[PDB]
Every structure is written in C-alpha cells, then in structure tokens.
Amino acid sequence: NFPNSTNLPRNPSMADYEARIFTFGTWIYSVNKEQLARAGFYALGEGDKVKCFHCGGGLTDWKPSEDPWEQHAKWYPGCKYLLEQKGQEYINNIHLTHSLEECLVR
C-alpha cells in the first residue's frame, strides 16, 4: 500500500488520541507510547509495530534514542497529519538532518 498524502485520514477510527493510546496495552518497548500516540501512531499488537492513523505509514524496531515525530517525517514525509502538527520548517530540518547524516558517514 502507498502512503496516504491526502488531507483525509486513512484510518478514521484511530483519529482520537485516546483511541490510539488504548491499542498499546502494556508497552515494554524503548519508545514511550504516549509520544507515539501524539505522533499519530497506534499499535498493531506484534512487536513494536505502529501505524499512523492518517497516512497509514508503519514503523518497527524502535531503537533507544529514535524519535516518533522524527521517524514519522523521515519515512512518511507526505503525511498531512505530520504537516499539520509540525509545519514544513520542522519537516525540512529533519530531512536535511537525516540526509546530512547519511552523507557524513559516506
């Protein structure tokens, strides 16, 4: 499935913070589930797999120091929800940061 770059959430039932927060249950993984819900993610129930209610993008293997919003932007730049909560400034900063990181190592 391709990313929903529409202004309409792909998964309306997970549009409310609360709704998302509930899908987690006892969260044992490194990243805070509150942060995840705010960043728009709800849990799938297998490993640390989360999915954005709006663009539908998914992430896993959440490392210690890895940020929800940061990753959200990194992998689902077209997500409108992301755009609504952070604005393009933030988003570009993150994309420049990531690309520069990949370059520094290269």
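All residue numbers refer to positions in the sequence shown, first residue = 1. Basically, rigid core = biggest C-alpha set you can superpose within 1.5 Å across the two forms.
> So which moves more in 6 other deposited structures of this protein by CA, 53 to 61 or 22 to 30, given a superposition on the core?
Evaluated in 6 other deposited structures of this protein, the stretch farther from the shown form is 22 to 30.
> Between 63 to 71 and 36 to 44, which one strays more from this form in 6 other deposited structures of this protein if you match the rigid core and compare Cα atoms?
Between the two stretches, 63 to 71 moves farther in 6 other deposited structures of this protein.
> I need to verify one thing: averaged over C-alpha atoms only, is the B-factor higher for 50 to 58 or for 28 to 36?
Looking at the recorded C-alpha B-factors, 28 to 36 comes out higher on average.
> Higher mean Cα B-factor in the deposited model: 11 to 19 or 78 to 86?
Taking the mean C-alpha B-factor of 11 to 19 and of 78 to 86, the larger value falls to 11 to 19.
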